[PDB]
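Working notes, beginning with the structure itself.
Derivation of every value follows stated rules applied to the coordinates shown; laboratory data play no part. A quick note on method: Cβ atoms are made from the backbone with ideal geometry, for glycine too, and the neighbour counts reach across all protein chains shown.
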Amino acid sequence: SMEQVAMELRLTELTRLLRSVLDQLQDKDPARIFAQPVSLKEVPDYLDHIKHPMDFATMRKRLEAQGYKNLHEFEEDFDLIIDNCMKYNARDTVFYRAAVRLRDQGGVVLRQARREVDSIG
């Protein structure tokens, strides 16, 4: 149906906008702390601590399968990146501090992304 197609075109356009959001958020992580999944070879206990791991590569795979239906879904995954890191790592660590900075800087980007998603529809 044409209605199915139009819905598909909206998903595609949201996918475009979320790719640009993703790039901008990932630029706020120049150390690449959040670029890849935590390795279970190098942190064997990780899944005892963190039940839903997340990273920018895993978000990028979901994005390219058009797997985010709305901004809320995408933000949930972003927040997992930050929130997981801030539980596993102590306050005095470079990891925790990097999460804080990504959160604070990413807030700005997400604030305008929400306006654009609502505005364009």
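Considering the alpha-carbon set of the chain alone, what are its Rg and its Dmax in angstrom?
Rg, Dmax (Cα atoms, Å): 15.8, 56.
Send over the Kirkwood Rh of the range 49-99, from the inverse of the averaged 1/r over different Cα pairs, rounded to one decimal Å.
Across the range 49-99, the inverse of the average 1/r is 11.7 Å.
What's the FRET efficiency of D23 with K61 using the Cβ-Cβ distance as r and R₀ = 22 Å, to the nearest 0.05? Spell out each step's value before the answer.
On the way: r = 15 Å, r/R0 = 0.68.
Calculated transfer efficiency: 0.90.
Pull up the cross-link candidates among the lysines for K87, meaning alpha carbon to alpha carbon under 24 Å and not fewer than 8 places away within one chain.
Answer for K87, where 24 Å is the Cα cut-off: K28, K41, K51, listed by chain and number.
Run the Debye formula on the Cα coordinates of the range 78-121, all scatterers equal and no solvent, and tell me log10 I(q)/I(0) at q = 0.24 1/Å.
Debye curve over Cα of the range 78-121, log10 I(q)/I(0) at q = 0.24 Å⁻¹: -0.76.
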